[PDB]
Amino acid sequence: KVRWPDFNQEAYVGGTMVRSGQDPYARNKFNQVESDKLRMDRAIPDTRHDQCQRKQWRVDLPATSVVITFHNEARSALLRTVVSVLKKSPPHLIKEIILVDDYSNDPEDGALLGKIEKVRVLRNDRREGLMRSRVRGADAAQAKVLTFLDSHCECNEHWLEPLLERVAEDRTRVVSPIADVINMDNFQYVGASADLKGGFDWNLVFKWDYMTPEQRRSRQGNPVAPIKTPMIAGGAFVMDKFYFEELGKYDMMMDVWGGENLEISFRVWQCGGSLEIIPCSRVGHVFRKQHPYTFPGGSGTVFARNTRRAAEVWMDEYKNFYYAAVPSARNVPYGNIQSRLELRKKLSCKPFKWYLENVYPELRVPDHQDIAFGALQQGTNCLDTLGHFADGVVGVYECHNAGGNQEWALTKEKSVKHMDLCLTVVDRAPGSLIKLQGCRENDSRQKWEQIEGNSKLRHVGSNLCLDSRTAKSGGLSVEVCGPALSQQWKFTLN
């Protein structure tokens, strides 16, 4: 074993450098050339609030087992993660660093780091994904507190003590640092805004939420107080080890990446614990726009399946808004969830309604319209009743965005409806004026269909299209469908 300053980073990183002409983003979807230029212990700016710097940390804190899983990580980024932990953490609080090599292409990426003081390397015999890889590390951990980090992170000054302090006081707090940004193109370390919380929209993709005016005002007494958060990112958090185990680890049927941070956030809040972001704790993370690795079965499929498993277990009736937002997820089998449903039951977890009202009151229920009401627009003109009733013609007029004569609905009956009147093809002879008549289910003259990417209206069972060319000489007509601006119509929602 060597102390990390004696580790031969040049030999290690030199084995896998990008060659001349080669794409520096191909392997990792960040710039490996810029990662490889950095020293393993490169200095980073202290991004903490001034109030953090005047802090003495409770002394008798529990040591942690740091679990880092990785799959085909750049050697420079993985090493720099390990070193940031060893250099920026008090040694007596680092029991061990467990690297879980999740079936990387090259087993030396991990094996060579095994040389370093306090590093334990666990290589998976097959691809396991981050969830099962994290449970593997966590099951192997000897300490009383778990820390999970992604494999391209850089810990900052006194990042660890503020997290440990929270968990030492209350074992049911699951806590994360502010996620500073390591730029994926040039690897500069930049501080994140401290005014953020974790959240999601109904498509159940994690996002950062900006604090409301009132939330910020309430924090002026102490801007470094813990931020209670509806959701944590997955890349860095600290959790009491027994709490992790008792509360159900991670869902072992989740694969590769995605949705475990959603699942664990719901679980922790619904089953009586809490989530916090801790401003005095800062850890940089290389954010990316694409995953560099394979998803056995397809990245869309996998992510949807993982999310279904979380939604079906935690979200009660609210899961319906996810399927509404992501219809395609309905097509994705998700396997057996009994273990997880029973876990929820055993722990007497609270309903999702409880979470929305008490944890994430900012998330607004989606706004439902089974039917399209609005304008049928052609440039700056709108389909207009002209103020006519049954047997009158229709036309186009400057859009006034005031509904009225310019408000229509596209019915499931395949009609074009204003109140109880429908656009009626009284004569199929090309060039004929259409008329309003009372809507009847059984009037084939009143049936229209949107065609060409919802850009024209064709009369069902004909090759006739609604046409405005006759507007100045009597009103809208049916005309043979062809390339004419006068046959273009966009339904614009109210």
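Heads up: residue numbers just count along the shown sequence, starting at 1.
Between 218-226 and 140-148, the higher mean Cα B-factor belongs to 218-226. According to the PDB record, 199-207 carries the higher mean C-alpha B-factor of the two stretches 236-244 and 199-207. Between the residues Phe187, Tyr360, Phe373, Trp159, it is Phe373 that shows the highest Cα B-factor in the PDB record. Residue set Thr307, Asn405, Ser89, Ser193: peak C-alpha B-factor at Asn405 (per PDB entry).
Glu73 sits in the lowest third of its chain by CA B factor, as recorded in the PDB entry.
Sort the modelled residues of the chain by CA B factor and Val59 lands in the highest third.
Compared with the other modelled residues of the chain, the Cα B-factor recorded for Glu452 ranks in the highest third.
The deposited CA B-factor of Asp36 belongs to the middle third of values across its chain.
Per the PDB record, residue ranking by Cα B-factor puts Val67 in the lowest third of the chain.
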